[PDB]
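Beneath this line is the structure, given in structure tokens, with notes to follow.
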Number of protein chains: 2
Amino acid sequence: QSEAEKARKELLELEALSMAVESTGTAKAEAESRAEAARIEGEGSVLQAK
Amino acid sequence: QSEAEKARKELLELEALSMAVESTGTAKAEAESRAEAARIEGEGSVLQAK
């Protein structure tokens, strides 16, 4: 069980990196899509106002 | 399981890129269609006013 925990530590490190990658990719994608839609709506609102 | 996580990290990176592409394409398309309809309505409103 000691040897198994010695390797399980490195397994948990790699799983931590993968969870980091997945979470930041999901949040970045959703936030940038909302910002792009908002920018297009803002320039459209400028043209509507004129 | 350690080797499988070493490759699964790169799989999750590529899936993050694909989700980014899909989300920003959908939001950009819907926002630009609404802006185009609004611009045509605005120029029509100018001509109606005259």
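How things are named: the first chain in the structure tokens is A, the next is B, and so on; residues count from 1 in each chain; ligands count from 1 in the order shown.
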
Write out as JSON lines the residues of chain B that have any atom within 9 Å of an atom of stretch 10-18 of chain A, one row each with the nearest atom pair and its distance in Å to one decimal, counting only C-alpha atoms, sorted by chain and then rising number.
{"residue": "B:1", "atom": "CA", "partner": "A:11", "partner_atom": "CA", "distance": 7.0}
{"residue": "B:2", "atom": "CA", "partner": "A:11", "partner_atom": "CA", "distance": 5.1}
{"residue": "B:3", "atom": "CA", "partner": "A:11", "partner_atom": "CA", "distance": 8.7}
{"residue": "B:5", "atom": "CA", "partner": "A:14", "partner_atom": "CA", "distance": 6.3}
{"residue": "B:6", "atom": "CA", "partner": "A:14", "partner_atom": "CA", "distance": 6.9}
{"residue": "B:8", "atom": "CA", "partner": "A:18", "partner_atom": "CA", "distance": 7.4}
{"residue": "B:9", "atom": "CA", "partner": "A:18", "partner_atom": "CA", "distance": 5.1}
{"residue": "B:10", "atom": "CA", "partner": "A:18", "partner_atom": "CA", "distance": 8.6}
{"residue": "B:12", "atom": "CA", "partner": "A:18", "partner_atom": "CA", "distance": 7.1}
{"residue": "B:13", "atom": "CA", "partner": "A:18", "partner_atom": "CA", "distance": 8.6}

Any chance you can output those residues with N, CA and C atoms as a short mmCIF file (atom, residue, chain, number, x, y, z; two decimals), in the first residue's frame?
data_model
loop_
_atom_site.label_atom_id
_atom_site.label_comp_id
_atom_site.auth_asym_id
_atom_site.auth_seq_id
_atom_site.Cartn_x
_atom_site.Cartn_y
_atom_site.Cartn_z
N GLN B 1 -2.88 4.15 -15.34
CA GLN B 1 -3.75 5.31 -15.20
C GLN B 1 -2.97 6.62 -15.31
N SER B 2 -1.70 6.61 -14.89
CA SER B 2 -0.85 7.79 -15.05
C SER B 2 -0.59 8.10 -16.52
N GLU B 3 -0.28 7.08 -17.32
CA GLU B 3 -0.07 7.31 -18.76
C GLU B 3 -1.35 7.77 -19.45
N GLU B 5 -3.75 9.49 -18.09
CA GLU B 5 -3.97 10.90 -17.77
C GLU B 5 -3.02 11.82 -18.52
N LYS B 6 -1.79 11.36 -18.78
CA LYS B 6 -0.85 12.14 -19.59
C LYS B 6 -1.38 12.42 -20.99
N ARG B 8 -4.78 12.20 -21.73
CA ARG B 8 -6.09 12.80 -21.53
C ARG B 8 -6.00 14.31 -21.33
N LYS B 9 -4.87 14.80 -20.82
CA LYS B 9 -4.65 16.25 -20.72
C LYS B 9 -4.71 16.93 -22.09
N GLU B 10 -4.05 16.35 -23.09
CA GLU B 10 -4.05 16.93 -24.42
C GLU B 10 -5.42 16.80 -25.09
N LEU B 12 -8.23 16.98 -23.47
CA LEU B 12 -9.05 18.03 -22.88
C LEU B 12 -8.68 19.41 -23.40
N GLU B 13 -7.41 19.63 -23.75
CA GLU B 13 -7.03 20.90 -24.38
C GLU B 13 -7.72 21.08 -25.74
#

Next item on the list: Write out as number ranges by chain every residue belonging to chain A that has an atom at most 8 Å from any atom of chain B, counting only C-alpha atoms.
Entry: A: 10-11, 14-15, 17-18, 21-22, 25-26, 28-30, 32-34, 36-37, 40-41, 44, 47-48

Convert the current residue selection to file output with N, CA, C and O atoms, as an mmCIF file, in the first residue's frame.
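Result file is out.cif:
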data_model
loop_
_atom_site.group_PDB
_atom_site.id
_atom_site.type_symbol
_atom_site.label_atom_id
_atom_site.label_comp_id
_atom_site.auth_asym_id
_atom_site.auth_seq_id
_atom_site.Cartn_x
_atom_site.Cartn_y
_atom_site.Cartn_z
ATOM 1 N N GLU A 10 1.455 10.902 -7.943
ATOM 2 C CA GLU A 10 1.685 11.459 -9.272
ATOM 3 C C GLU A 10 0.435 11.382 -10.141
ATOM 4 O O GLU A 10 0.169 12.306 -10.933
ATOM 5 N N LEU A 11 -0.337 10.297 -9.997
ATOM 6 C CA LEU A 11 -1.644 10.223 -10.661
ATOM 7 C C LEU A 11 -2.555 11.383 -10.259
ATOM 8 O O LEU A 11 -3.208 11.996 -11.118
ATOM 9 N N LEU A 14 -1.458 14.696 -11.967
ATOM 10 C CA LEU A 14 -1.886 14.811 -13.359
ATOM 11 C C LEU A 14 -3.388 15.052 -13.470
ATOM 12 O O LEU A 14 -3.838 15.811 -14.341
ATOM 13 N N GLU A 15 -4.177 14.432 -12.588
ATOM 14 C CA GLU A 15 -5.614 14.688 -12.604
ATOM 15 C C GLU A 15 -5.938 16.116 -12.186
ATOM 16 O O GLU A 15 -6.914 16.698 -12.681
ATOM 17 N N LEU A 17 -3.986 18.735 -12.893
ATOM 18 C CA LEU A 17 -3.718 19.518 -14.103
ATOM 19 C C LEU A 17 -4.845 19.408 -15.125
ATOM 20 O O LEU A 17 -5.236 20.413 -15.737
ATOM 21 N N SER A 18 -5.391 18.200 -15.311
ATOM 22 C CA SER A 18 -6.466 18.016 -16.286
ATOM 23 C C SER A 18 -7.740 18.739 -15.860
ATOM 24 O O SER A 18 -8.434 19.332 -16.698
ATOM 25 N N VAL A 21 -7.270 22.450 -16.609
ATOM 26 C CA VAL A 21 -7.408 22.740 -18.039
ATOM 27 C C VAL A 21 -8.875 22.762 -18.451
ATOM 28 O O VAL A 21 -9.336 23.707 -19.111
ATOM 29 N N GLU A 22 -9.635 21.742 -18.030
ATOM 30 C CA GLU A 22 -11.049 21.643 -18.402
ATOM 31 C C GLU A 22 -11.868 22.806 -17.846
ATOM 32 O O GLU A 22 -12.670 23.413 -18.579
ATOM 33 N N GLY A 25 -10.944 26.210 -19.518
ATOM 34 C CA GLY A 25 -11.389 26.265 -20.899
ATOM 35 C C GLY A 25 -12.879 26.517 -21.011
ATOM 36 O O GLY A 25 -13.319 27.338 -21.826
ATOM 37 N N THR A 26 -13.674 25.835 -20.170
ATOM 38 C CA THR A 26 -15.123 26.032 -20.187
ATOM 39 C C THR A 26 -15.503 27.464 -19.817
ATOM 40 O O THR A 26 -16.301 28.109 -20.524
ATOM 41 N N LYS A 28 -13.612 30.246 -19.858
ATOM 42 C CA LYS A 28 -13.111 31.184 -20.857
ATOM 43 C C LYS A 28 -13.982 31.201 -22.106
ATOM 44 O O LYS A 28 -14.284 32.277 -22.641
ATOM 45 N N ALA A 29 -14.415 30.020 -22.570
ATOM 46 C CA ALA A 29 -15.226 29.943 -23.783
ATOM 47 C C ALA A 29 -16.574 30.623 -23.599
ATOM 48 O O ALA A 29 -16.996 31.427 -24.449
ATOM 49 N N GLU A 30 -17.253 30.332 -22.482
ATOM 50 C CA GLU A 30 -18.566 30.932 -22.248
ATOM 51 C C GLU A 30 -18.471 32.447 -22.075
ATOM 52 O O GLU A 30 -19.284 33.201 -22.641
ATOM 53 N N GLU A 32 -16.108 34.525 -23.237
ATOM 54 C CA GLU A 32 -15.749 35.214 -24.469
ATOM 55 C C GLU A 32 -16.894 35.231 -25.475
ATOM 56 O O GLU A 32 -17.030 36.209 -26.222
ATOM 57 N N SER A 33 -17.732 34.187 -25.499
ATOM 58 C CA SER A 33 -18.910 34.221 -26.366
ATOM 59 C C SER A 33 -19.881 35.313 -25.933
ATOM 60 O O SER A 33 -20.417 36.056 -26.778
ATOM 61 N N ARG A 34 -20.100 35.446 -24.619
ATOM 62 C CA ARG A 34 -20.970 36.512 -24.128
ATOM 63 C C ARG A 34 -20.396 37.900 -24.409
ATOM 64 O O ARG A 34 -21.148 38.813 -24.780
ATOM 65 N N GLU A 36 -18.398 38.727 -26.952
ATOM 66 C CA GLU A 36 -18.501 38.988 -28.386
ATOM 67 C C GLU A 36 -19.915 39.402 -28.780
ATOM 68 O O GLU A 36 -20.094 40.364 -29.547
ATOM 69 N N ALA A 37 -20.924 38.683 -28.262
ATOM 70 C CA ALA A 37 -22.315 39.067 -28.492
ATOM 71 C C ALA A 37 -22.605 40.472 -27.973
ATOM 72 O O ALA A 37 -23.275 41.266 -28.647
ATOM 73 N N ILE A 40 -21.021 43.163 -30.386
ATOM 74 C CA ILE A 40 -21.816 43.332 -31.605
ATOM 75 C C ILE A 40 -23.096 44.107 -31.309
ATOM 76 O O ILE A 40 -23.476 45.018 -32.062
ATOM 77 N N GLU A 41 -23.746 43.800 -30.178
ATOM 78 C CA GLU A 41 -24.945 44.538 -29.779
ATOM 79 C C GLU A 41 -24.641 46.002 -29.484
ATOM 80 O O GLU A 41 -25.463 46.878 -29.773
ATOM 81 N N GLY A 44 -24.129 47.833 -32.822
ATOM 82 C CA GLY A 44 -25.453 47.962 -33.400
ATOM 83 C C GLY A 44 -26.287 49.026 -32.719
ATOM 84 O O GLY A 44 -27.041 49.743 -33.377
ATOM 85 N N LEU A 47 -25.259 52.415 -34.047
ATOM 86 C CA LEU A 47 -25.809 52.699 -35.373
ATOM 87 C C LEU A 47 -27.312 52.980 -35.319
ATOM 88 O O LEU A 47 -27.807 53.884 -36.012
ATOM 89 N N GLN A 48 -28.040 52.230 -34.478
ATOM 90 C CA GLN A 48 -29.456 52.502 -34.232
ATOM 91 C C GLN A 48 -29.675 53.904 -33.686
ATOM 92 O O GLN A 48 -30.635 54.583 -34.076
#
